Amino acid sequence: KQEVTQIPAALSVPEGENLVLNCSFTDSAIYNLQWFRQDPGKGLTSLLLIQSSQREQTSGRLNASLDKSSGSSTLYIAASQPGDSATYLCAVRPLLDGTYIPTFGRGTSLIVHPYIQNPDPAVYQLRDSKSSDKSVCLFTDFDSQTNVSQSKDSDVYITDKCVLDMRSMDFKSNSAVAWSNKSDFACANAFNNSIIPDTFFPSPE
């Protein structure tokens, strides 16, 4: 019986590059194949639907092909951008009739990294507005090749990295937050992982 697999499970790529997502299915007898996009905390958005006897289907930068005989489809995303970051799922439906149950793949988790023209890695410590002696560290402006690893300390936390775009000045940057529920602890030390040697670590004072 039908079984759909998507590869890769997770794809990380620099913007500007074209992307290729694959979805294979055991049974070539399908009425149609459909690609969806899902953003964290949101539902599934339909991208493309390919009829059995159509072969190709376009939608701007999204181009989807389907080889029924081989039993596989490919989603082509041209000139990718950080906005394409999301999980991609393909689903297929039985051509049979009397049965309309589709089958979903596990999906490909995609991440398109931003182009950082001028990398300027640095960790800054911030203070709480309420002034409760609290603070947090901010690792920002690093190139998109830099990876942040979760700290190996009990009371220390590090978030994943996100991209923020300052529309007004056409400036986008990467950042990662770190803090510790420790009594008087320098959070800058939470980043003891694999960062750039030229990373700026100004003293909090």
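So that there is no doubt, residue numbering starts at 1 and follows the sequence shown.
- Averaged over CA atoms, B-factors in the entry run higher in 131 to 139 than in the other of 69 to 77 and 131 to 139.
- The stretch with the higher mean CA B factor, choosing between 47 to 55 and 154 to 162, is 47 to 55.
- Residues shown: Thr108, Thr103, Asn118, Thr99. Highest C-alpha temperature factor in the entry: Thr99.
- For the set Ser24, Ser12, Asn18, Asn192, the PDB entry assigns the largest Cα B-factor to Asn192.
- Remark: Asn63 belongs to the lowest third of its chain, ranked by C-alpha B-factor as recorded.
- Ranked against the other modelled residues of its chain, the C-alpha B-factor of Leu95 as given in the entry falls in the highest third.
- Compared with the other modelled residues of the chain, the Cα B-factor recorded for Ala29 ranks in the middle third.
- Per-chain ranking of the deposited C-alpha B factor places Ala188 in the lowest third.
- In the deposited entry, the Cα temperature factor of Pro202 sits in the bottom third of values across the chain's modelled residues.
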